[PDB]
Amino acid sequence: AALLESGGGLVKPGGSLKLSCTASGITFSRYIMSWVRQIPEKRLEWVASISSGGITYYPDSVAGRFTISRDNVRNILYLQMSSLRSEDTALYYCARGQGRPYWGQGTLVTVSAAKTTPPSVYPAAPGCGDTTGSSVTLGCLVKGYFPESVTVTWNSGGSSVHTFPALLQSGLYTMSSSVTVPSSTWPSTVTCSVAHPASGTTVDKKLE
């Protein structure tokens, strides 16, 4: 049993977008299917619901701009958004809330005018004259990107990782990520992999 949202992306204010949701092991036509959303600030917000009988419910916030629908044959849930507003930016989830709630991984919807930009990755390694050896702190600085959604990976095997929340500066996002390992293994190539799908970019830099 799995629900999969899709269709999210960057859209200009006043624009429109259609989210879809497929499912495995769940027959949409039998329940009150819903769409919910969360702004990184947290706390879910109900967006729309459609009963088994096809009755639609919407909160005032989207009442005449959003349209929830369902294709009972193909078993697909839709969310037609229109006259998109900045305050609509969030992660949208497809959800079967009755009984045991099930929801998808979510799809990001960004309502902005700003131009999307790939991230600039800068290595943070110990310069000249610094306490190193017994466990050293290495890291990668990622700045100059827009669609916040960005993920950093260190060799795919990190437990001493520290990914810091991204802060917005002059319209561009900047976040850093630190790692730590003993110098005894320091000379074994340390590389950070920064992924940023909204830019279709993936940058990797091996420190020192």
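Quick note: we count residues from 1 along the sequence shown, nothing fancier.
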- If you average the CA temperature factors over each stretch, which comes out higher, 128-136 or 111-119? 128-136
- Of the two stretches 3-11 and 198-206, which shows the higher Cα B-factor on average in the entry? 198-206
- Highest recorded Cα temperature factor - choice among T189, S20, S24, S16: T189
- Item | Selection from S176, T67, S51, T180 [criterion: highest C-alpha temperature factor in the record] | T180
- Message: Taking only the Cα B-factors deposited for this chain, tell me whether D60 sits in the lowest, middle or highest third.
- Response: middle
- Message: Can you tell me whether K42 has a C-alpha B-factor in the lowest, middle or highest third compared with the other modelled residues of the same chain?
- Response: highest
- Just say lowest, middle or highest third for the CA B-factor of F28 relative to the other modelled residues in its chain. lowest
- Task: Sorting the chain's modelled residues by C-alpha B-factor, tell me whether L168 ends up in the lowest, middle or highest third.
- Result: highest
- CA B-factor ranking of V142, expressed as a third of its chain: middle
